[PDB]
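FYI, side chains are in, hydrogens and waters are out, and symmetry mates aren't considered; it's all heavy atoms of this structure. Reminder, nothing fancy here: chain letters follow the sequence lines and each chain counts from 1.
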Amino acid sequence: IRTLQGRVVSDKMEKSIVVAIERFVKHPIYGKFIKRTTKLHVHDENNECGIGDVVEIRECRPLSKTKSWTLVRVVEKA
Amino acid sequence: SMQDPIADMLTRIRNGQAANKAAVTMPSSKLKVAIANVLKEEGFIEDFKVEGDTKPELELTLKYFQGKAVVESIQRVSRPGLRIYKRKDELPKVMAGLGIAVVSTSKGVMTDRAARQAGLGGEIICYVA
Amino acid sequence: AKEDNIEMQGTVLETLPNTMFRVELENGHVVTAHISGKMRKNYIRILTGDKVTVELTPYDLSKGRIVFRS
Amino acid sequence: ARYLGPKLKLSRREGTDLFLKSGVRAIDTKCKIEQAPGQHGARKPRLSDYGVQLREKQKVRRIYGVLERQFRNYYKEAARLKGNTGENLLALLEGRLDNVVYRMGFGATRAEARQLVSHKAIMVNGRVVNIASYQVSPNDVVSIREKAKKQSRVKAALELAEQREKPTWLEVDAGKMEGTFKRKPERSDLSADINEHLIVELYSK
Amino acid sequence: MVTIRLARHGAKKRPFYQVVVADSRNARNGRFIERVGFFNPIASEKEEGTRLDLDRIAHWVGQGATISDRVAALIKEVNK
Amino acid sequence: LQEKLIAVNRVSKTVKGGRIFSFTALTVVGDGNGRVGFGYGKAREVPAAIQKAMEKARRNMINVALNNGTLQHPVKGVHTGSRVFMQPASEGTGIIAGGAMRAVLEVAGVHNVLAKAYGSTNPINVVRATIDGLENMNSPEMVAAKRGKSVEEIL
Amino acid sequence: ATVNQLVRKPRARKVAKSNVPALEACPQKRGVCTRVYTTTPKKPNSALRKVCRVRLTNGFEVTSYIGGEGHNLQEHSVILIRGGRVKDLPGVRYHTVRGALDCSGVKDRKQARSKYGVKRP
RNA sequence: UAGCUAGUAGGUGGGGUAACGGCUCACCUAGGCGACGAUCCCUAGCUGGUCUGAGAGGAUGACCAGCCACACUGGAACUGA
RNA sequence: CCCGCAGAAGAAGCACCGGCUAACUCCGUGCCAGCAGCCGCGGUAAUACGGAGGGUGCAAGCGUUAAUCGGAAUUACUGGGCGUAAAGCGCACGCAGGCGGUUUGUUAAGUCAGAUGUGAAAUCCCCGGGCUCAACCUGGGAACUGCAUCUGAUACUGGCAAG
Ligand SMILES: [K+]
Ligand SMILES: [K+]
Ligand SMILES: [K+]
Ligand SMILES: [K+]
Ligand SMILES: [K+]
Ligand SMILES: [K+]
Ligand SMILES: [K+]
Ligand SMILES: [K+]
Ligand SMILES: [K+]
Ligand SMILES: [Mg+2]
Ligand SMILES: [Mg+2]
Ligand SMILES: [Mg+2]
Ligand SMILES: [Mg+2]
Ligand SMILES: [Mg+2]
Ligand SMILES: [Mg+2]
Ligand SMILES: [Mg+2]
Ligand SMILES: [Mg+2]
Ligand SMILES: [Mg+2]
Ligand SMILES: [Mg+2]
Ligand SMILES: [Mg+2]
Ligand SMILES: [Mg+2]
Ligand SMILES: [Mg+2]
Ligand SMILES: [Mg+2]
Ligand SMILES: [Mg+2]
Ligand SMILES: [Mg+2]
Ligand SMILES: [Mg+2]
């Protein structure tokens, strides 16, 4: 538990995807709600994700230079 | 194009009062009716009615006390270009309590006074003085 | 209470812009001089070749005030 | 750190008795009270609204014998305290030990009372206090020390105080030479001539 | 180790000590884990000179905290 | 009725010979219990100008529904380039106002108020803005009567 | 400006420059006089006002005013300058401090003595 | 300053560390970052706080306390919890 | 810290006074010498320069300079403008982006509510206590407007499905 839900935006790596988490945050000064994006490099053992899928991810130990997150489950296939 | 129907309703009341119209009419919606109820109960308009099925029309009956119009001011607060939400304790007072702010809470549209008595924040639709 | 001004005599060599004049003194030094407030209030015109009295100061021996035109 | 100049000068500029003399004699007999303090005294030039506030401020300062830094600090306190800033400021100044000694009647003037305090002739609740600024509190007992009950000036001052009106918020026994600060004064019990809102405005600017 | 000791506050010639639990290597007036009371050595007649939280001191002693000699003396005084 | 002089200004008209000078006077008058009026007066010398202004001020009085020596609610006023803001304040605050706003507020009988002037601070327009402010100010009793309620429901 | 425009590019602060750049935010600076001379003021006024060119310790070269009646300064005199414009002299933004380093106090001054470096009689 | 990157981005397996990890190496794949401002240039120790202001803001980080970095300049290790 | 001794004895300066801005006269000088934050002052009767007498403001300090915020709604979120004062691209099409008519279901991301943890101490603020008072020191509280999690609400905005 403690997961983020995102969207796959790359799958061109062996056993690893890029997921984009989208947040809706009030602007500090001007008060308008803005869209903000975090991109995480996630681990996916069974290359079971394609570009456009909605995935659910959890934080784990470091797996490589840039990966510290791992796939929990696919929520919606593309 | 039309991108804010509520602002349009408030402008119809404002312009209608200034022109000494008896009543104003507009395309209906469930949010517009919700707001119309609050205005009626607080005594800023006389009555309202919806008429029609496929293309229903909301008609408001405006009020005048001793010649002058009852709604002195009516201002859209939250708007498509900039949404405004307030917590319970930050709910605005309009004309130091003599006016109302209309608030969309999770228990429906109501006055800012009624929202404080329920302990609810919400979206600030408009001020009416 | 003010320090004393030495007065010398000299000839107007040249008219410069806005009541300014090159003036050769008797000692042989050329100075840039300006008209006094009395002379401009009372409309005393100065021209090239005029003989003039120049109030000098020890602080600057290149400047002067023309105080009389003979 | 104190004003050591001519006293009536101050009275004449403000244009009122500031009680800076004993009151053995009427002030008219000692100076031209109507006329302002110098060569151009007789002409009465019209005063700006800044000028009206300034003179009110300087009147109160000169009554109680307080310089500007200390008076500024009294205003900050009165502003901080709950209630009316104006009413609080006067109460603070009435609290001062040198004032209390005067209003009880052990000194002829506030400057005399100030000399008694400074010279270690006064006690508050049994203990020597030689600080003019000391704030006296409700149910304190101010007294003269045994060494200075003999003094001729203290006896004289008690007679002068009888001729003045007696403060209600104090209670003195002149035979014992001690008195009780019962309560802080109200705005009613102080003089109505003072216009403390002018002082509040001056400092609020 | 962890120690229970006095940090020196107050003003010149008028010390006031805070009783603190700290890693011994830290500066006297520097980083501490918890404050467990105070000691005022020049306290008046009717005033509380010393207050210790003996429970929290007991807790820390249980986990192997040392006591400074001065704090040990203060604990004895409070434990009449 | 209290009476205050806000400003006097010398004005000039050119003619065949030269310049004809003249004097303007702006004044306010009030009972000190929520009535106030202003007057503007012109004459060839100052005392006559001031007199003309004071006569005008007394006939152009308006009413202001005050709340025990302060305002009912926050208020904005505008005239020409002058924009004024005023809000109610606590007892002992005094009149925290500047220029012409002070004089209007004093004589009207407003002891406690916070105010600010934006835009042009030209006295004639600041005074007009201030009084327009005060005259457009609702009391609880008025608002209740409009909306067809009682004061208890409103408050 | 709309909200969306301000989110994209926020309000910018106008940057205020100093009237006294050569001080470099010091209250005074020392310098050596390279020229001591007089200059005439702008239109309405008339005078021969006393000035010096001074090379400061920080390398800047500025004109400074010499206030009060009479002065002892020459080429190679070490002086202390402070900030202050002389309105009717173009490009004079600094005053000499009288009664510091090689600049004397004013002779026979009795009022405002502290502004001209003059000891109490 | 609009493009930047080849141990670069990821994988498998050896090695290495108190410990996860391109931390290192061999091979394999061809990725990774960027107008939500990468890369480059200039300036700068960060915070609790401090000064100012009705507030929202603006300026600031000396003393005290927390964290980081450095020890004449550039390298390097050794001993040891 | 206390007690005694002697004697008013050992202890007042700095800026300012044309308007803004509290405080005015005489003499000297005569657009000179000079003053000046801004507007300005000085060419013979200068309350503006220099001295004097008088006065105003602060006071063991007082002035000047430097520097930050204020006043400045003069970068305007709170809180400004664009016909003629500075300001509508010469005109269009259009990708990214911002915004989105009306009804129902669903979701619960925004939003709202409650709880829990955390937000070092000092500092600021409130009520007290201690140094003769104050500054200063100090007990307890409040505050730290935030962040995270959990559990709920469903009007409005978003997502998804059907109209
Ligand atoms: K108060
Ligand atoms: K002139
Ligand atoms: K690497
Ligand atoms: K690897
Ligand atoms: K900050
Ligand atoms: K180094
Ligand atoms: K705006
Ligand atoms: K587009
Ligand atoms: K919804
Ligand atoms: Mg002092
Ligand atoms: Mg490996
Ligand atoms: Mg291995
Ligand atoms: Mg790593
Ligand atoms: Mg550096
Ligand atoms: Mg402001
Ligand atoms: Mg080793
Ligand atoms: Mg005056
Ligand atoms: Mg004369
Ligand atoms: Mg601003
Ligand atoms: Mg503008
Ligand atoms: Mg033009
Ligand atoms: Mg134009
Ligand atoms: Mg066009
Ligand atoms: Mg919609
Ligand atoms: Mg939610
Ligand atoms: Mg804290």
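- Nearer to the 5' terminus of RNA chain I, by closest-nucleotide assignment, is the contact made by D/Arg2 (compared with the other of D/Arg2 and B/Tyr85).
- With distances taken from any side-chain atom of D/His119 to the nucleotides H/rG57, I/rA8, H/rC36, the minimum falls on I/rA8.
- In the set I/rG57, H/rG11, H/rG31, the nucleotide with an atom closest to the side chain of D/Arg55 is I/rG57.
- Classified by its glycosidic torsion, H/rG22 falls in the syn category, the angle being within 90° of 0.
- Counting only N and O atoms by type, the side chains of A/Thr66 and A/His41 include a donor and acceptor under 3.5 Å apart.
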Practice problem: Test B/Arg83 against B/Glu123 for salt bridge (charged side-chain N to carboxylate O under 4.0 Å, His left out), laying out the working first. | Solution: CA-CA 8 Å; B/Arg83 296 281 176 179; B/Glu123 194 187 321; 3.3 Å; yes
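- H/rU50 and H/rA59 make a Watson-Crick or G-U wobble pair, with both donor-acceptor distances under 3.5 Å.
- Across the interface with RNA chain H, nearest-nucleotide mapping of A/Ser64 and A/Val18 shows A/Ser64 to be the residue nearer the 5′ end.
- A Watson-Crick or G-U wobble pair links I/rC20 to I/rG37, both relevant atom distances lying under 3.5 Å.
- Taking the 5.5 Å centre cut-off and the 30° plane limit, the aromatic side chain of A/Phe24 is not classed as stacked on I/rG110.
- As judged by a 4.0 angstrom heavy-atom cut-off over every strand, D/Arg62 is placed among residues touching the sugar-phosphate backbone only.
- Pairing status of I/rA109 against I/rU157: a Watson-Crick or G-U wobble pair, both distances under 3.5 Å.
- Comparing A/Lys35 and A/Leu63, the nucleotide of RNA chain H nearest to each residue sits closer to the 5' end for A/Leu63.
- Nucleotide H/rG49 is annotated as paired to H/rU60 [Watson-Crick or G-U wobble, both distances under 3.5 Å].
- Under the Watson-Crick and G-U wobble criteria, each requiring two contacts below 3.5 Å, nucleotide I/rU25 is paired to I/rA52.
- Here I/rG79 sits opposite no nucleotide as a Watson-Crick or G-U wobble pair (both hydrogen-bonding atom distances under 3.5 Å).
- Nucleic acid contact class of D/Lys82 (heavy atoms, under 4.0 Å, all strands): sugar-phosphate only.
- Nucleotide I/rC2: unpaired (no Watson-Crick or G-U wobble partner with both distances less than 3.5 Å).
- Donor-acceptor pairing under 3.5 Å is recorded for the side chains of A/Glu22 and A/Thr37.
- Using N1 to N3 plus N6-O4 or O6-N4 for Watson-Crick, or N1-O2 and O6-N3 for G-U wobble, each under 3.5 Å, I/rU84 pairs with nothing.
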